[PDB]
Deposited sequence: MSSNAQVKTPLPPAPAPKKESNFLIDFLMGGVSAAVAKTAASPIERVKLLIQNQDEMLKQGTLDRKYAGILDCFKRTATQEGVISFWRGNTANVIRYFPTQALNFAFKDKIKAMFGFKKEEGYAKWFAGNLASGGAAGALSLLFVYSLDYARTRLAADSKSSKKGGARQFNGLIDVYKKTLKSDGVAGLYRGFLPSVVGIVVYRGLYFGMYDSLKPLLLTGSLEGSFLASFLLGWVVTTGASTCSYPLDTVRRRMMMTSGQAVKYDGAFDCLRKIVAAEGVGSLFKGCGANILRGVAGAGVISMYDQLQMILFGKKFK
């Protein structure tokens, strides 16, 4: 019971620390949708630009907007973890001695299973986190997001982009473990691997988040592939990678921060 709460706090620290660079990343990633929704007046020039305008127009507190969602995200996930993660690992898991391909495939399957299982209960918090991040306001808080989204689109409005998120989880896990196996030291390895994996899986996250953004709007995408097609055709392939640099920055920040807090505890 105590260890649970301590874990909660422990990740709350990391998420809260990484919050300012996260919102900038989310802003750059989702700016076209905000432009469609008349929430943003002009496209951002880049990271520095977004930081500047957001600071001068919203303030300093704004960089932590939506972060409470990230904080309270810990508690429902871990309850599902403790209850199902071991059992799920038991069904697919392998030692590499039993065969590398079996180990890898079982790892993808297990990560995907546990992942989808968590998201089935937790996705809406991610949705709210995103919607609150992307603003300049349209929503007032978590409860407002839930109430309004349910009012317009209902439950499905809260879970939009679920499938590319699951696909994203599997892809990311595969790249992560693959690179981690193919390869001051720990920080290096972790950073490089997480970077490669997050970058290669980044378009799925863009599709996911923008689909989230379409909630509460008359115009929506007709599937993840449809979103992909439209974004590419109108804005270019690079549009799928908007905010990726900021996301990497978020990674390098987060790793150091969580290491420091672990050292402090």
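- When the deposited sequence is numbered from 1, the segments without any C-alpha atom are 1-23, 160-167, 215-227, 310-318.
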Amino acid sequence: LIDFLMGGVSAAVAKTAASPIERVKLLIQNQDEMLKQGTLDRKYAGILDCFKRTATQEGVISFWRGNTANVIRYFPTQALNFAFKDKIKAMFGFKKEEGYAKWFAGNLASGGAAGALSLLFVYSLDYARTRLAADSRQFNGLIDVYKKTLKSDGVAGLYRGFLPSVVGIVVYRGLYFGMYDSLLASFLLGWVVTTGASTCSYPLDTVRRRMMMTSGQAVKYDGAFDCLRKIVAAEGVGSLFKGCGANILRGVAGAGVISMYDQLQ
From here on, numbers count along this sequence of modelled residues.
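- Two stretches are in play, 214-222 and 45-53, and the higher mean C-alpha B-factor belongs to 45-53.
- Relative to its counterpart among 71-79 and 113-121, 71-79 has the higher mean temperature factor, C-alpha atoms as listed in the PDB entry.
- Residue-level inspection of the entry shows that, of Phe177, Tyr127, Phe94, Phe162, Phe94 has the top Cα B-factor.
- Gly245: CA B factor in the middle third of modelled residues in this chain (values from the PDB entry).
- Remark: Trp191 belongs to the middle third of its chain, ranked by C-alpha B-factor as recorded.
- Annotation for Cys200: C-alpha temperature factor in the lowest third relative to the rest of the modelled chain, per the entry.
- Sort the modelled residues of the chain by CA B factor and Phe139 lands in the highest third.
- In the deposited entry, the Cα temperature factor of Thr39 sits in the middle third of values across the chain's modelled residues.
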